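Protein chains in written order, with the entry's author numbering: chain E, 16 to 34, 37 to 67, 69 to 125, 127 to 130, 132 to 183, 184A, 184 to 187, 188A, 188 to 204, 209 to 217, 219 to 220, 221A, 221 to 245; chain I, 301 to 322. Some notes on the structure that comes next.
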Amino acid sequence: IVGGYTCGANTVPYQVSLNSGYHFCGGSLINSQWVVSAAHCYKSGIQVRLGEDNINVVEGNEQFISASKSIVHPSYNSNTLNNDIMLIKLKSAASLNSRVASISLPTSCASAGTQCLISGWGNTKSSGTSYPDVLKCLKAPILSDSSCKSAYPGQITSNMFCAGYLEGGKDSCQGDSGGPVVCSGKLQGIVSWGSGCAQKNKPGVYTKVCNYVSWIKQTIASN
Amino acid sequence: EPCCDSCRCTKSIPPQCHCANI
Ligand SMILES: [Ca+2]
């Protein structure tokens, strides 16, 4: 997160860290045994670390659970990043409490202007790479589809939405992928792509989860 | 030479810059 702030230990109970000997992507717990992340975050031997703040130190509340399977969206396309969404089944159910809680799937899509909270352990610097030990948070509004598609001509599909600031200085960045974009207590987005980080006229592009609410439900229901 | 024009990059560790130059 570039331009964000320190969330505060366990203040974002649904944030999970995708670890494989290092933090590579983010995710959000939607229930005790299922996590939502980005399809481009997929790799073998994914360990899901819940209840984290400082990813480098063990300070209580962590739950290390291994991915029992990662269900990438059948129609994911690595070039366009369309359908950039992946479900990760946990080997064992996580213990839910005040420090580890699931986030709600939206019932409808959010509107341009809606203030959302984006969080993650991704790069905190646009020009260079500085990673934080603790979870960073950022408040950013969903942009209007016209401003989104104008910034990324022909690259924005109906399953993508822009969130952020056109002036730059505040944006999600590498390491934040798979992370949550929560608006009014509903998981509205998954950190996906963007042209750099916190660059002017280059907002962050996110996976429009409302389009996948039914896919998610059915997939989970059959696994 | 460099990463095209506006290298569309994923925000993963490490990133995937499939670029935007079509
Ligand atoms: Ca820790």
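Cβ atoms here follow ideal geometry from the backbone N, Cα and C, with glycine treated the same way.
TODO: Name the residue from E:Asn100, E:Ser190, E:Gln192, E:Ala119 whose alpha carbon lies nearest to the alpha carbon of E:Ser45.
DONE: Nearest option by C-alpha distance: E:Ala119.
- [ ] May I ask you to list, following chain order, the residues of the region 308–321 of chain I that have a beta carbon less than 9 Å from some beta carbon of chain E?
- [x] Here the close residues are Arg308, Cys309, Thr310, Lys311, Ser312, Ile313, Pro314, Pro315, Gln316, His318, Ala320.
Task: Neighbourhood of E:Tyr20 by C-beta, 8 Å cutoff - its chain only, sequence neighbours within 5 removed - done: Only residues of its own chain outside the window of five on either side were considered, and among them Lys156, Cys157, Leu158 have a CB closer than 8 Å to the CB of E:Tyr20, listed in chain order.
Open item on the list: Bridge partners for E:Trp51 per DSSP, in chain order?
Closed with: E:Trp51 pairs with E:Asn48, E:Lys107.
Open item on the list: Which of the three DSSP states is assigned to E:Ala56 in this structure?
Closed with: E:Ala56: helix per DSSP, three-state reduction.
TODO: Could you check which residue in E:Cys232, E:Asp165, E:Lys169 has the C-alpha nearest to that of E:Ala132?
DONE: By alpha-carbon distance to E:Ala132, the top candidate from E:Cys232, E:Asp165, E:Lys169 is E:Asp165.
Task: Chain-ordered residues, beta carbon under 6 Å from a heavy atom of ligand 1 - done: Chain-ordered list of matching residues: E:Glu70, E:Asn72, E:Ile73, E:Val75, E:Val76, E:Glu77, E:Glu80.
Open item on the list: Here's the rule: buried if 16 or more other CB atoms are within 10 angstroms of the residue's CB, otherwise exposed. What is E:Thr144?
Closed with: By the 16-neighbour rule on beta-carbons within 10 angstroms, E:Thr144 is buried.
Task: Buried or exposed (CB count within 10 angstroms, at least 16 for buried), E:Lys109 - done: Using a 10 angstroms sphere on the CB of E:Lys109, the tally of other CB atoms stays under 16, which defines it as exposed.
Open item on the list: Please identify, using Cβ separations under 8 Å, the residues of the region 151–173 of chain E that lie next to chain I, in order along the chain.
Closed with: Within the region 151–173 of chain E, the residues whose Cβ lies closer than 8 Å to some Cβ of chain I are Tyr172, listed in chain order.
TODO: Name, going along the chain, the residues of the region 40–58 of chain E whose beta-carbon falls closer than 8 Å to a beta-carbon of chain I.
DONE: Residues of the region 40–58 of chain E that bring their beta carbon within less than 8 Å of a beta carbon in chain I comprise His40, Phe41, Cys42, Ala55, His57, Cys58, in sequence order.
Open item on the list: Can you pull the chain I neighbours of E:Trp215, defined as C-beta to C-beta under 7 Å?
Closed with: Ordered by position in chain I, the residues that pass the 7 Å Cβ test against E:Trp215 are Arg308, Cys309, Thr310, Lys311.
- [ ] Give the DSSP-derived three-state secondary structure of E:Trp141 in the structure shown.
- [x] Annotated three-state conformation of E:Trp141 is coil, per DSSP.
Task: Pair within 9 Å by beta-carbon distance, E:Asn34 and E:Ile63 - done: For E:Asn34 and E:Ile63, yes; Cβs fall inside 9 Å.
- [ ] Establish whether the CB of E:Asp194 and some CB of chain I are separated by less than 9 Å.
- [x] Output row for E:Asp194: interface = yes.
Open item on the list: Considering only the alpha carbon of each residue, which of E:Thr177, E:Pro124, E:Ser195 lies closest to E:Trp141?
Closed with: Comparing Cα positions, the closest option is E:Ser195.
Task: Rounded C-alpha distance that separates E:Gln135 from E:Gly188A - done: Roughly 17 Å between the two C-alpha positions.
Open item on the list: Would you call the region 307–318 of chain I in contact with the region 230–238 of chain E, where contact means no fewer than 3 C-beta pairs closer than 8 Å?
Closed with: Fewer than three beta-carbon pairs drawn from the region 307–318 of chain I and the region 230–238 of chain E are found closer than 8 Å, and the two stretches are therefore not classed as touching.
Task: CB contact flag (E:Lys107, E:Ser86, <9 Å) - done: For E:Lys107 and E:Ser86, yes; Cβs fall inside 9 Å.
- [ ] Could you please give the first and the last residue of the uninterrupted alpha helix (DSSP H) stretch that includes E:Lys169?
- [x] Start and end: 165–171.
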